[PDB]
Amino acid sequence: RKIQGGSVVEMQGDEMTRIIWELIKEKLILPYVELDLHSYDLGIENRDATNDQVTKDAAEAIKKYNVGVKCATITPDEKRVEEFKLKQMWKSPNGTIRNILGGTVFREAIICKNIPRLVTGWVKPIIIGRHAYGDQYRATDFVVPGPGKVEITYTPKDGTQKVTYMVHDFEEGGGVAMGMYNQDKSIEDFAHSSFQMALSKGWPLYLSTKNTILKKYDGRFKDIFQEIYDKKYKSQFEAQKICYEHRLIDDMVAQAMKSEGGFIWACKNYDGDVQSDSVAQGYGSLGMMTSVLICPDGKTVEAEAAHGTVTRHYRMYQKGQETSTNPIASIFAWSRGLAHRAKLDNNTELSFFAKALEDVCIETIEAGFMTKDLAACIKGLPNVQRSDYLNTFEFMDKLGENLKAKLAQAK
């Protein structure tokens, strides 16, 4: 009999990750777990067919059932419009979901003992807490077609006192302009999540901004964090002998690069996006990172891989050429979602299954069976032979066999 899993929102995606997602459900999930599975096809063609309504529906379902697991998706630009004959240049589904749910996206490498890093000093984990709301990911941007003025205006709801600011007077030619924003409550929730995560690990917490340049916008982040620290967390931090520090982002990225790891890094949305990929690659691979959106309600989570649809590998797949795409991040999307589902429901067998799934992945790699990205960590990319790694499908097969044995040996 299969494990009774409960309610989980599943979002399918695009290109190489869509194929991997199918293999994960077929070989690793469905043979062992029966789920109340609420599935939403966020493939690009279905998003286009539904005028992106399928994306909004999925987000509302995550809010209802409190657990979502999402496959990487195409965010379309002009080249994608021509490729898929799109009606519109749809917004990122991740930006849409995060805008609705809010919260902090926590990202952390998945570590194997036999995988050398590219950054020599990182012997302890770096955990990025990426603010999931606003800034560049909910911006209003446009092409300035020629000479003219761009202004930004604030009108208070108690229609008494409006302010207009000059952004730029385009005297010659055109260019681009944009407005973006963030909300106090969202920044407050982001602070609370970062302080709580640091206390949960017993590690120092660092916030990065560029408040010397964006004195008002980034100053608000720095001020809210410091206020919340002083009033709610300072004594707990002092009790655990850990600290909280604000740093300018350019200092911070260099400090992280030379650190030993073992800190929480609170990142504004954009910095969290960019630096999580830098950090993932520094440890090993984009295929070896977890990403979990923890919503401010302390109950709803959305788990995903940090990487994209791996288009470049997909193009090799389309030509029949052998590919070796790392599926572990996609697998930990499922394992982290199912683990949270089990924690909500006190589902003992599902908790065991989710941890066993993660253990199989680590054990398999550490025994010497891995995809090409990890073989390249060990040997160096010029020295990688075909005999050093498994292709995507061989590796999925090896994981399937090792999970079968683990679950059988457990019964």
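From 1 onward, residues are counted along the sequence shown.
Relative to its counterpart among 131-139 and 298-306, 298-306 has the higher mean temperature factor, C-alpha atoms as listed in the PDB entry. Of the two segments examined, 230-238 and 71-79, it is 230-238 that shows the higher average Cα temperature factor in the deposited entry. Taking the deposited Cα B-factors for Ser285, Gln88, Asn211, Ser278, the highest one is held by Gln88. Annotation for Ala367, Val360, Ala61, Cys377: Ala61 ranks highest, by Cα B-factor. When all modelled residues of the chain are sorted by CA temperature factor, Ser335 is found within the middle third. Per the deposited record, the Cα B-factor of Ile152 falls in the middle third when ranked against the other modelled residues of its chain.
When the CA B factors of the chain's modelled residues are split into thirds, the value for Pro327 lands in the middle one.
When all modelled residues of the chain are sorted by CA temperature factor, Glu245 is found within the middle third. The entry lists a Cα temperature factor for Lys201 that places it in the middle third of the chain's modelled residues.
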